[PDB]
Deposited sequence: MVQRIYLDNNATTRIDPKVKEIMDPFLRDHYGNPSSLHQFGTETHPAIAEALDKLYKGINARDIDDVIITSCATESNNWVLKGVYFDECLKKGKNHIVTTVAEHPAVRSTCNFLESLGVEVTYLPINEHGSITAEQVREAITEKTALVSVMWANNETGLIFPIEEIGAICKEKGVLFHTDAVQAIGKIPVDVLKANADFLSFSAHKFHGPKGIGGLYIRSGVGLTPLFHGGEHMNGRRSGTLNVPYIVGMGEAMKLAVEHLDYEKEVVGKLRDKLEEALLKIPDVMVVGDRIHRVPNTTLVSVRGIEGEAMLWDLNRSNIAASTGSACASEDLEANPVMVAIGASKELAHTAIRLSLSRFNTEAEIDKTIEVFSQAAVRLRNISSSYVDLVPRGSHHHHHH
């Protein structure tokens, strides 16, 4: 059989070179990087090279931190709860601005903080499926400890006004976090252009393994640890380093940024071919803006067929995609550098056949 993977915003396939670079640390180089002996120090070059690729990938400076976490969910929790303790409690800045589109690792955590008494503003989405930077300016009070806005939305692919949001936060003296998991390898990410204080990412959205991520922390910015303990990561996040996955995530970041052109010029054109072909189908329409999106994502709605019905039919033909709320659920088809034009043609065909058969059965 030959299956087609079009659910890359949910997770991605590890790049074969990433598997390759990880293998020696799953085998004979198993020493603890914190060890003073040869098994420990022999890992230091590869870890340093992995860190360098991570820093350069997002334009972090030598004075900034790029802290290894176990996933973007950890990074997001660490930002929100660290700021809750540092600014909301200790400084009386008991207000946070975020959006209604945020990933559950941000929204669900904010719901918890609200239960502790934090005031949380969930900025509403516009008809374009996006947030305006004016919205964050409206919502910032003199009590706002932190603004958290995702760089790109995981369901629609829509890119948010990070640069502007960062300028507004800087002129107002407010800490800025961006959950940038969906942007890595899709668009260039520059923490300096964003004026971000915090930036989250997760390797498995860009062809590294599940269960590692990163938190960028700007120089001089504090954040009470979420993992207290040993002295790992300049004392900011304790726990024995996940050597293999650090090395892999570094390589995944490098390869991601090296393929940025290809992602926009080849993968984006496969996304357009897919979307344009699917819009010749009657009742089919894109949910949200078709401009200011990452190259790999299309979220289409089909007049009477639910998203899950299309997903179940599509899965029977070994094509993997997922749902995305529409505002009844829509179909998110999300591509990568590993898809081919043959697969898009095939998906056009199977998607169309499924559409016509599910309508005929619908009445």
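Coordinate coverage of the deposited sequence breaks at 1, 329-349, 386-401, these segments carrying no C-alpha atoms.
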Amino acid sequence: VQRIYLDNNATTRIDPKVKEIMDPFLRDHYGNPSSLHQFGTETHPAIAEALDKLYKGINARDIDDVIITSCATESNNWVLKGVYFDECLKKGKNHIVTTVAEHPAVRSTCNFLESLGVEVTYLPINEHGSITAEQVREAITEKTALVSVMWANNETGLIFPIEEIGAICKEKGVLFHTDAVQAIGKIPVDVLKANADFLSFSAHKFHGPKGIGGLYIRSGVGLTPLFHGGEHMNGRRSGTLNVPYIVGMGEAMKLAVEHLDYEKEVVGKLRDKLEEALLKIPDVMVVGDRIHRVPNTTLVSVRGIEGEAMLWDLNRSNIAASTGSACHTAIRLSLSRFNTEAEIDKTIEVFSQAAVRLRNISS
From here on, numbers count along this sequence of modelled residues.
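Throughout, rigid core stands for the largest set of C-alpha atoms superposing within 1.5 Å between the two forms.
Rigid core fits of the other structures in 8 other deposited structures of this protein place the C-alpha atoms of one stretch farther away on average; of 223-231 and 180-188, that stretch is 223-231. Per the records, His328 is among the residues left out by at least a third of the other compared entries, whereas the shown structure includes it.
In this entry, 295-303 shows the higher mean Cα temperature factor of the pair 295-303 and 30-38. Stretches 304-312 and 49-57 differ in mean C-alpha B factor, with the higher average recorded for 304-312. Ranking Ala139, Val147, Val221, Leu215 by the C-alpha B-factor listed in the PDB entry places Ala139 at the top. Of all the options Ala326, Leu335, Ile319, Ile68, the entry's greatest CA B-factor is assigned to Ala326. Remark: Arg236 belongs to the lowest third of its chain, ranked by C-alpha B-factor as recorded.
Looking at the C-alpha B-factors along this chain, the one for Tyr122 belongs to the highest third. Looking at the C-alpha B-factors along this chain, the one for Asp283 belongs to the highest third. In this PDB entry, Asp345 carries a Cα temperature factor that places it within the highest third of its chain's modelled residues. When the modelled residues of the chain are ordered by their C-alpha B factor, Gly230 lands in the highest third.
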